[PDB]
């Protein structure tokens, strides 16, 4: 007694509606495929379009082939009120159920219907006529969700986050689960970091000091201050991600791979409806040492306003960046982070 997901039910609903508009006797796999290439109600990217476009195929050609093959189906003269499923479609629904149990999922989703679709010879010649490798789209569907199982009725989102999951860590959700420890003696420097983020000019703080001094403790303090809603109006409901440069580097063995991954992370941020503050440790390994390509990706994104960045570097390394990039100095506010022994002495003097 398995149940469908909300998006899977929408596909079967659109397929039932498309067969009714074309007045076709029975529901066929071509209808479900036509429901996949259908533009969603909210203008979001369809699930199948993302797989095909990221596979670097011509999606417009694919739509044109599916439509001309569906119009090729003759229209019955008197439209009945009973659109039964065909024998070919019955196997698809039965095949999607075993695909769900094969992957140990709790619900039948778009993926399972799409996988069971790939087995029908009707849609197999559709992909061949559209010159789209059907086995490459299958690989795209496998890599998409990763290894996260489908537990809820709405776990099969069309375009899940691919770059923010591989090369970033959500510090906010990690703070909700009590995986962080509040370090003492740094609330004054946390207050300054949040004050800069609420600003509209130079809204990107940059922590200055030697690594391992408590910089990571300040970021974890800002995250837990966003969770309990102790932040100004602008930061209410904002997620705090941490860019993993080691993950960006591992596997990038081709020229431009690092920039492509970094551009993909920023793209998922700028399209997010909620404001996202990205923390970049050792930011000099991005904006300095003659790395102009990475700088030309972050600087325009900061101007659009959707992204706020918390940088972290040493004093001499920050001065090295500013000495050859005035535009960087006008977007980042300097915040000095000293060792507790030095922080206590300065306050006494």
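Residue numbers count along the first chain shown, from 1.
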Of 121-129 and 258-266, the one with larger mean CA B-factor: 121-129
Would 76-84 or 154-162 have the larger average of its C-alpha temperature factors, as given in the entry? 76-84
Most elevated Cα B-factor in the entry, residues 138, 145, 215, 112: 215
From 92, 206, 277, 227, residue of greatest CA B-factor: 227
Grab the CA temperature factor for residue 282 from the record and place it in the lowest, middle or highest third of its chain. middle
Residue 10 CA temperature factor, ranked by third within the chain: lowest
What third of the chain does residue 100 rank in for C-alpha temperature factor, lowest, middle or highest? middle
According to the PDB entry, is the CA B factor of residue 242 in the bottom, middle or top third of its chain, that is, lowest, middle or highest? lowest
Relative to the other modelled residues in the chain, which third contains the C-alpha temperature factor of residue 23: lowest, middle or highest? middle
